[PDB]
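Shown next, in structure tokens, is the structure this report addresses.
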Amino acid sequence: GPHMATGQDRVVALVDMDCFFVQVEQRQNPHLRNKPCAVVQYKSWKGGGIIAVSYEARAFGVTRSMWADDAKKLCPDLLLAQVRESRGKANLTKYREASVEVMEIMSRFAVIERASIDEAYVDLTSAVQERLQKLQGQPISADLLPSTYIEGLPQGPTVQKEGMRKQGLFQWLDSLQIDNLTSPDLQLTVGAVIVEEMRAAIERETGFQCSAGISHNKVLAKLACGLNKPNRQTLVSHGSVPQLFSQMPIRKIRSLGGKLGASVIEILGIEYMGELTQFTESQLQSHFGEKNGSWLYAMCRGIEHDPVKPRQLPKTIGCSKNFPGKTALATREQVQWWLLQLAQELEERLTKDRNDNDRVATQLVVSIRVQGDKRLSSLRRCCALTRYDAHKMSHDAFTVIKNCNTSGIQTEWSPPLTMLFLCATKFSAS
DNA sequence: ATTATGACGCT
DNA sequence: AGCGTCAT
Ligand SMILES: Nc1nc2c(ncn2[C@H]2C[C@H](O)[C@@H](COP(=O)(O)OP(=O)(O)OP(=O)(O)O)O2)c(=O)[nH]1
Ligand SMILES: [Mn+2]
Ligand SMILES: [Mn+2]
Ligand SMILES: [Mn+2]
């Protein structure tokens, strides 16, 4: 009743750039704009692997994780842009630099948590309080929410999509109590006004479009963001959760799309998020552990407490390359040459990071995969990272991995290596 | 040959 | 510390 917490304390947004790498290439090359187009890494094997897809191309069935030759079968007019290659490997610097452009704009409105190269969470609770005091109690005009959907509306008592969006927004605004500065629905609405302003600034100052979700926590904001892409934002209220979750497959909620979610489905014999409400907290903890059980008990009621961490910069700076099939590394000279290539890219990125961000990494993580192992990483070992020098880092990585060569010959490497990975970690202020 | 990154939990 | 999971 009056003591039952409802998880409505915060206003949280999730901003995700639409088909980011594609947009970066479309800004650079206007010939690619408003076209079916995709971004690929490499080219010789099956035309390269697609990693990002414009919405025009998605309409033909093109998807990430598809070979370009196969995508061209679905979409013969598909346009392609290739990721830059430096030192023999894909180099993602252009997209990291574009990401910094967007993150710095978002940080003007509120403190952000960089969740990926193209998405960030935003804690808007305080900004919403401020804008509400600036409002002095006037309602919010629909004109302030020109790209916002209200999930679950319209309802009850109409042929076009924009008209649907506007009907739902009108129903939502008509039911707002704008006199209560602590109304969670009002707070979410003001949050959506601010996110309209943030997205407008991003597009004005970079050319890039994005989608966003606004709700009371990170999981609901992420889920909301996906409901109406591209170039739109969605408000998911606390009240919208029972209907939304009643037909939501469990795998759609962030962290449940893998083995844990499959086990929730199998053990409990359910399909949808809302079905979780029928279990006690102790029942869920008994199946899925104390932490997961409490998280699921609260999540299926729309409640989640994970904070938006104040972190705009990545915690790690890494370099990795797969060597699939017959390109696996089988000699010592090969392994050394590629460790050097990775370490040279790492040195360049670390030196730029030190100048930009006033910090130094102190630990080097070396990971490899050996032929025949299904796991991503066959081995991870750390060593000290005391100087930003590529030859030193590559010799140190070789030292930590050389015991993995089971060949009796000094020159050959067996079993051959199908992955190398160098990662700089444990940053200290400098 | 579903690649190149990231974050975070477990023990 | 080293390994696994999840995202995409
Ligand atoms: N190198 C590499 N980059 C990836 C991979 N998967 C995604 N990316 C990059 C390219 C995407 O443009 C970018 C952001 O990913 P998202 O999942 O948010 O998708 P994207 O922004 O492409 O489309 P969206 O409109 O958000 O559905 O991350 C991958 O497997 N390898
Ligand atoms: Mn995106
Ligand atoms: Mn995507
Ligand atoms: Mn994203």
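Letters go in sequence order (proteins before strands), and every chain restarts at 1.
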- Message: Under 3.5 Å, is there a donor on one side chain and an acceptor on the other for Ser377(A) and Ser367(A)?
- Response: yes
- Item | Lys321(A) side chain near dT5(B) phosphate (N/O to OP1/OP2, under 4.0 Å) | no
- Determine the Euclidean distance between corresponding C1' atoms of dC6(C) and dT2(B); express it in Å to zero decimal places. 15 Å
- Item | Pair of N/O donor and acceptor under 3.5 Å linking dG6(B) base with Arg96(A) side chain | no
- If you look at every heavy atom in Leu74(A) and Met66(A), which pair is closest and at what distance? CD1-CE, 4.0 Å
- Message: Can you see if the side chain of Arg254(A) gets near the phosphate of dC8(B) - specifically, an N or O under 4.0 Å from OP1 or OP2?
- Response: no
- Item | Phosphate-side-chain proximity, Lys315(A) and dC8(B), N/O vs OP1/OP2 below 4.0 Å | yes
- Report yes if the ring of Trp67(A) lies under 5.5 Å from the six-membered base ring of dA1(B) with planes under 30°, and no otherwise. no
- Message: Categorize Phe421(A) for me: base, sugar-phosphate, or nothing, with a 4.0 angstrom heavy-atom threshold over every strand shown.
- Response: nothing
- Note on the structure: Between CG of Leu376(A) and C1' of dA7(B) the distance, given in whole Å, is 14 Å
- Note on the structure: Note: for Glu345(A) and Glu113(A) on DNA chain B, the residue whose nearest nucleotide lies more 5' is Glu345(A)
- Query: For the residue pair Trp45(A) and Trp67(A), does the interplanar ring angle fall in the parallel (under 30°), tilted (30 to 60°) or perpendicular (over 60°) class?
  - Reply: perpendicular
- Message: Return the CD to OG distance between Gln8(A) and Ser237(A), rounded to the nearest 0.5 Å.
- Response: 8.5 Å
